[PDB]
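Engineer: The structure that follows is given in the form of structure tokens.
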Amino acid sequence: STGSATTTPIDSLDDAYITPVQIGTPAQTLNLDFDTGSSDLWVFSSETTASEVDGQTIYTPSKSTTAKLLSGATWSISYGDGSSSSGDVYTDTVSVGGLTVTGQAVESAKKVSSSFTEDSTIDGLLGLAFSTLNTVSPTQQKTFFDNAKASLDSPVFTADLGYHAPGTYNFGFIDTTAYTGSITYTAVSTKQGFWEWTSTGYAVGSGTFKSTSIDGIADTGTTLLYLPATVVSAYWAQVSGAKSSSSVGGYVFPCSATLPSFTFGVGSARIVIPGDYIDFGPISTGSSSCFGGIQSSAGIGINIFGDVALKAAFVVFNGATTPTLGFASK
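So in mature numbering (1 follows the signal peptide of the UniProt record, and there is no 0), spot 76 of the sequence shown is number 145, and the numbers just go up one at a time.
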């Protein structure tokens, strides 16, 4: 089997991407944030504290003839950005782009943090990291991909995120029309539960490539590119007037600037992030100070190849017995 679904930016900055997901019988379609940095499929629901729901579409398990309460199971998650959610668990039928999993754990939120409430466009998350990170207790549950894998034509999914435009998540096949050149595959460590890999270096603009190992995670659920302070300083030094602002929470730059590209290495291959992908617009409405899309990972504890990096590539998440990651230009 295979599946193919369009993923759409939630706003004009590509702050996140939403993908429609069918849950239950009859189908209830919710728009979920596919997150290769976490491993829970959780949704706003009829059980979510009413004051914490503001415009989201909810899953109502009592209206699904295939929903079953997973007795005694609870979940609770905290994300790198400080947001969180928790609740109980149903199993139900879940379909993405024509690919169907029966008995998928659907984690129903009883509580969500303010950041989730305040974002009316995201109805929940669909985790695509390794199932070892799943938070369901006392019996850990499998991700949608893990459940689907054996049925797929090939045990893979691909992320093809757009810049200021829709893109695609495919399951079970590689669309050879969706990228240019070849896909370069690179080793993955699953030791921390992430799609963790080592970039071979970087360049800023038309500058020389610096060969250096950068361990980080391919994370579709993180907006920006978080890299070591040395790398980030070298990038922003090429933008007149750019500075790190403790008050704003990262590098800012004059909105009048033209940003240089940023290249990262995948083995001997190179992925080029155009400068415009690194512009996250005014820090507040009407400001001429703009927020940068490349930020320091210092104090995160891990480097994160988030959407800024991934959307410059066609990315293969290869869930073979020994997982790997593939990157192609597009």
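We put the CB at the ideal spot given by N, CA and C, even for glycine.
Taking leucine 379 as part of the alpha helix (DSSP H), name the residues at either end of that continuous run.
Structural biologist: By one-based count along the sequence shown, residue 379 stands at place 310. Here the alpha helix (DSSP H) through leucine 379 covers 376-379.
Engineer: Buried or exposed for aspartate 161, please, with buried defined as at least 16 other CB atoms from any protein chain shown within 10 angstroms of its CB.
Structural biologist: As a working note, residue 161 is residue 92 in the sequence shown. Buried, since its Cβ has 16 or more Cβ neighbours within 10 Å.
Engineer: Assign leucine 138 to buried or exposed, taking buried as 16 or more other Cβ atoms, counted over all protein chains shown, within 10 Å of its Cβ.
Structural biologist: Sequence index remark: in the sequence shown, residue 138 carries index 69 (1-based). Burial call: exposed.
Engineer: Taking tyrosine 304 as part of the alpha helix (DSSP H), name the residues at either end of that continuous run.
Structural biologist: Taking the sequence shown and counting its residues from 1, the one referred to as residue 304 is at position 235. It spans 298-305 - the alpha helix (DSSP H) in which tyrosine 304 sits, taken as one unbroken run.
Engineer: Would you be able to state if there are at least three C-beta pairs under 8 Å between the segment 325-343 and the segment 143-160?
Structural biologist: no
Engineer: Just the Cα atoms here: how many angstroms apart are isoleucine 371 and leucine 168?
Structural biologist: Stepping through the sequence shown from its first residue, residue 371 is reached at position 302. Stepping through the sequence shown from its first residue, residue 168 is reached at position 99. If you take the alpha carbons of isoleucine 371 and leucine 168, they lie about 33 Å apart.
Engineer: Taking only three categories from DSSP, how would you classify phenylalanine 213?
Structural biologist: Looking up residue 213 in the sequence shown gives position 144. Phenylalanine 213 falls in the helix class under three-state DSSP.
Engineer: Output needed for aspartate 284: all residues of its chain with C-beta closer than 6 Å, excluding positions within five of it in sequence on either side, in chain order.
Structural biologist: Against the sequence shown, residue 284 aligns to sequence position 215. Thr267.
Engineer: Can you tell which of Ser313, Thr117, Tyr238 and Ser73 has its C-alpha closest to the C-alpha of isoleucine 363?
Structural biologist: On the sequence shown, residue 363 is found 294 positions in, with the first residue counted as 1. Considering only alpha carbons, the answer is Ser313.
Engineer: Applying the 10 Å Cβ sphere with the 16-neighbour rule, what's the burial state of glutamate 176?
Structural biologist: Within the sequence shown, the letter at position 107 stands for residue 176. Label assigned to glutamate 176: buried.
Engineer: Quickly, what does DSSP pair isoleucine 342 with across the bridge? List them, please.
Structural biologist: Sequence index remark: in the sequence shown, residue 342 carries index 273 (1-based). Looking at the DSSP assignment, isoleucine 342 forms a beta bridge with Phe331.
Engineer: Check whether the Cβ atoms of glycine 93 and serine 133 sit closer than 8 Å, and answer yes or no.
Structural biologist: The residue given as residue 93 occupies position 24 in the sequence shown. The residue given as residue 133 occupies position 64 in the sequence shown. Cβ atoms of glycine 93 and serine 133: closer than 8 Å.
Engineer: Below 7 Å CB to CB, which residues in the same chain sit around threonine 77 once its five sequence neighbours on both sides are set aside?
Structural biologist: Here residue 77 refers to the residue found at position 8 of the sequence shown. Only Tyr86, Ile87 and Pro235 meet the Cβ criterion.
Engineer: Starting from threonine 277, trace the alpha helix (DSSP H) both ways and give me its first and last residue.
Structural biologist: For the purposes of this step, residue 277 is taken as the residue at position 208 of the sequence shown. No alpha helix (DSSP H) holds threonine 277; DSSP gives it neither H nor E.
Engineer: Hey, would you say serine 357 sits closer than 8 Å to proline 323, going by beta carbons?
Structural biologist: The residue you call residue 357 lines up with position 288 of the sequence shown. The residue you call residue 323 lines up with position 254 of the sequence shown. In this structure, the beta-carbon distance from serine 357 to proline 323 falls below 8 Å.
Engineer: Apart from the five residues just before and just after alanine 272, which ones in its own chain have a Cβ nearer than 6 Å to its Cβ?
Structural biologist: Residue 272 sits at position 203 when you count from the first residue of the sequence shown. Counting only Cβ-Cβ distances below 6 Å, and skipping sequence neighbours, we find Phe278 and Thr332.
Engineer: For the 8 Å Cβ check, are there 3 or more pairs between the segment 112-128 and the segment 252-268?
Structural biologist: no
Engineer: Note down, in chain order, each residue of its chain lying with its Cβ closer than 6 Å to the Cβ of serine 282, except the 5 sequence neighbours on either side.
Structural biologist: On the sequence shown, residue 282 is found 213 positions in, with the first residue counted as 1. Taken in chain order, the residues that qualify are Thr267.
Engineer: Which residues bound the beta strand (DSSP E) around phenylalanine 386?
Structural biologist: Here residue 386 is taken as the residue at index 317 of the sequence shown, counted from 1. Its beta strand (DSSP E) spans residues 383-387.
Engineer: Which full runs of the beta strand (DSSP E) of 3+ residues lie inside the segment 120-179, going along the chain?
Structural biologist: 137-147 and 153-165
Engineer: Return the CA-CA distance between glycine 388 and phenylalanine 226, expressed in angstroms with no decimal places.
Structural biologist: Along the sequence shown, read from residue 1 onward, the residue named residue 388 stands at position 319. Along the sequence shown, read from residue 1 onward, the residue named residue 226 stands at position 157. Each residue's Cα considered, the two are about 8 Å apart.
Engineer: In its own chain, which residues sit with a C-beta less than 8 Å from the C-beta of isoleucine 191, not counting the 5 before and 5 after it?
Structural biologist: Here residue 191 refers to the residue found at position 122 of the sequence shown. Residues of the same chain with a CB within less than 8 Å of the CB of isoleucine 191, apart from the 5 flanking positions on each side, are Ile79, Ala85, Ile87, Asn100, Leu101, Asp102, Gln125 and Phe185 in chain order.
Engineer: Go through its chain and collect everything with a Cβ distance to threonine 135's Cβ below 7 Å, but skip five positions before and after it.
Structural biologist: As a working mapping, residue 135 is identified with position 66 in the sequence shown. Once the five neighbours on either side are set aside, the close Cβ partners of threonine 135 are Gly93, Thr94, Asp161 and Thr162.
Engineer: If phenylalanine 199 sits next to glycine 262, beta carbons under 8 Å apart, how far is it from one beta carbon to the other, in whole angstroms?
Structural biologist: Taking the first residue of the sequence shown as position 1, residue 199 is located at position 130. Taking the first residue of the sequence shown as position 1, residue 262 is located at position 193. The pair is a contact, with the Cβ atoms about 5 Å apart (cut-off 8 Å).
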